[PDB]
Each structure stands twice: as C-alpha cells, then as structure tokens.
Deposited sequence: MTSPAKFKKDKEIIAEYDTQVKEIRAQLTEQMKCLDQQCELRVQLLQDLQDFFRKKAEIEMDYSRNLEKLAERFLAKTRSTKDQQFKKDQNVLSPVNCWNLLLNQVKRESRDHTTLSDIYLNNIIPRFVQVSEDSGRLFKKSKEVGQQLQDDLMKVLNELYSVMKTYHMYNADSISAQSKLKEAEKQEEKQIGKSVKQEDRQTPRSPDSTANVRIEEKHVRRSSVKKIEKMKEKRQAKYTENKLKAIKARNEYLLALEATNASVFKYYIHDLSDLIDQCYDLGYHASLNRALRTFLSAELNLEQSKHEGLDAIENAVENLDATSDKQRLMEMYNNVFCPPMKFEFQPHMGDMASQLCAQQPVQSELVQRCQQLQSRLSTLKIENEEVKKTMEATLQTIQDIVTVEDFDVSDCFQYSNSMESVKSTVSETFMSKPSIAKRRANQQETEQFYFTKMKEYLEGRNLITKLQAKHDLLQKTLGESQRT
C-alpha cells in the first residue's frame, strides 16, 4: 500500500468533498427547475380555463340568439311539437354552457390561482428545509479535515519520537559511569516522550474513527432518506390532491352538462316518435269542425201537395224500371271490375312510395370514425306522378259507381230480384 502524508490524504478527501458540494448544488437546481415547471403548468391551466370560459360564453350567447330568433317568429300538431322541443333544447344548451363558463371562472380558475400562490409559499419553505439539510451535511464534511490533520500531526510526532528513542537505545549498547549515566537519562527522556506521543496518536486515531462513523452516517441519512423525504413531505405537500379536486370539478361540470343535454335530446326523441299523420288530421278536423262538418241530407220535397214519396213501379212503368235496374247492375259489374284493377295499381304504387320515404338512412356513426342522388329522386318523382294519375282515375271511377249503385239499390228495393 501507499505511504501517505497529510497533504495527499487531505487533497484526496477535499476532491470527494468538492464532488459532494457540486452534487448538492445540482440537487438544488433540479428541485428549482421542477418547481418552475409546476408553477408554469398551473399558469397554463389558469390560461387554458380562462380562454375556455370565454369560448363557452360565446357559444352560449350564439345558441341563445339562435333560439330567440325562432321563438320570436311564431302548438298541437306533432311536427310543430318536434320544432318546439328542438328550440327548447337550444335554450337548455345555451344556459348549460353559461353555467360551465361560470364554473370555470368562479370555481376552477380560483383553485389554480390559489394552488399557484400556495406552491409559491410551499416551495420557498421546502427549499429552506433543503438548505438546512445541505448546510448541516457540509458542516459535517468540513469537520473531518481538522480531525484528520490532528491524527496526522500526532502520528508523525509518535513516529519521530520512536526514531530518537531507538537510536538512543543503539547508543546505549555503544557506551555499554559518567557518560553511561548521561545517555541513560537521555533514553529515559525519549521513552517518556514516545510513550506520551504514542498515547496522543492513539487518542487522535480514535477521534478520527469516531468522526468517520458520524460522517458516513450523515452522508447515508441524507442520500438514502432525507432527499426522498424532503420531496414527499415538503415539495409534494397538497399538490396532487389539489390538482385532483380541481380536475374533478372540471369532470363533474362536463358530466352534468352531458346529463342535461341527454335529457333534452330524449325529449326530442319522444316528440319524433309521436309524429302521427292521422292524429294530426283528427286534431285539424276537430279544430276546424265547421269547415268539415257534413250538411243535412237532402229530402224529397213534395210539390203542390203531392201525396206520393216513393218509386211507383206499377204498369206500364214497371217494365222500363226492371229494364233500367238490370241495365244498372251489369254496368256496375263492368265498372267495379275495372275500378278494382285501378285501385290495386294505386295501392301497390302507394306501397312503393312508403318504401321510399321510410328508408332508415339516418345513422351517421361512420362520420365520427377518423382512422346517383338525382336518379333515385327522379324515380320517386315518377312513382308519385303515376300514383296521382291512378288516384284521379280511381276517384272518377268510384264517383260514377257511387251514383249508379245508389240508383240501382233504390230500384232493387222497390222491384226485388224477381218481378
């Protein structure tokens, strides 16, 4: 092994001490940097929510004017009910986004402001704890220099007192009364001084070993426990907890707006399911009762006191009435066969139209995954054209059948099948 003196031992120690001081400074720089990052995030969070509140108010105002626009230019009928509920949903959504903006401004932003301010306080105090820790550790490292130096001085004195003693022992067996006595008292004085010096050296070595033990314990405690604890117990005090609550306030606000919106959309879905042409027609006909009310039946009006009120089927008129009845009947048979054919065409075409207009083409889910028209329209048009043609035809046929049947039935009543 090396034979080392004070200058070298001290310098080699000083090297590691300066390394530790350098590492302590860096630890402080890392901590400062992490604090500046937290302060910056909290500032970003404030600016993010301030701007979003503004965006939300704008949206809200625009939705309000959208609803007002149509609520100013003004019911029982199912499509108007859908419309009413559609406008109500806009009013509801407008209010909800104002509420959102208020929550951002009055609840969420102040939490970030408060946490920023608290973090300012907290980090100043945590850094003070940190500096106390580093100051005590440096104090301990700096105490070791003199402890070692004392051990080095006293050890050297012990070595050189041993030199002067051992030569005075070699000079003892040289002269071995006048001179023999004189070098005896000499080697005696050396023996005393060595003994004293060996003792001083032992005690200083013991001091050094004791101090070393305290030094390693201090270094270990700082690096293995105190740094970690400083972060957990000081720097991180309240941070994650506060951020959790602030962000859960955001989530609560959103969840509630979504629940309110869902409610609104469900009311529109109910209205849409209540779309009902025949019920709307009932409502219309009842509203305008007097428009649709049937007139009193026309009655036979006796002229100049006429006693008779029924068909007269006596001779000679009976034969011609029988002729007529038969005439009406066969003609009605032709017309009815023809009319049924037109009816069946009209009904089949109506079905086709129903197929066209009830096509389930409303699912727009594909539009939310991010990772020819004129020919069907012309076909529907031509189908509807043919439909109205057959409808007009059907109705004219029916109108003639109604008149002829009515006359036939009155004759049948009077005449019977056998007369």
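- Mapping the modelled residues onto the deposited sequence reveals missing stretches at 1-4, 79-90, 193-221, 417-434, 483-484.
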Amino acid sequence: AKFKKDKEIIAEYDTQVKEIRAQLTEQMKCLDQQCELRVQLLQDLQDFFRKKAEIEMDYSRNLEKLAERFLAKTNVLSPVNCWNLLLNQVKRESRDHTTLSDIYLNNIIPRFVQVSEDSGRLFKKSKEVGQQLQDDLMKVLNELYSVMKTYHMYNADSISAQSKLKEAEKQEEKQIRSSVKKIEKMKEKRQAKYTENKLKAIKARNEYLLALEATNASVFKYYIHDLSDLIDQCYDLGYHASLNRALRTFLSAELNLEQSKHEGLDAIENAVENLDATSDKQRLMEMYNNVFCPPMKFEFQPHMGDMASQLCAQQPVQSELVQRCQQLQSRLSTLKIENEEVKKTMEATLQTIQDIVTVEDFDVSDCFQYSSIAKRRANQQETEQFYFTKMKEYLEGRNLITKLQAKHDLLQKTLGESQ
From here on, numbers count along this sequence of modelled residues.
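- Higher mean CA temperature factor between 297-305 and 159-167: 159-167, per the PDB entry.
- Here 32-40 and 362-370 are compared by their mean Cα B-factor, and 362-370 comes out higher.
- Of the residues listed, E93, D276, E172, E254, the entry assigns the biggest Cα temperature factor to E172.
- Looking at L410, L395, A11, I20, the one whose CA carries the top B-factor in the deposited record is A11.
- Sort the modelled residues of the chain by CA B factor and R248 lands in the lowest third.
- Sort the chain's modelled residues by C-alpha temperature factor and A67 lands in the lowest third, per the entry.
- When the modelled residues of the chain are ordered by their C-alpha B factor, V80 lands in the lowest third.
- Per-chain ranking of the deposited C-alpha B factor places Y288 in the highest third.
- Annotation for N379: C-alpha temperature factor in the highest third relative to the rest of the modelled chain, per the entry.
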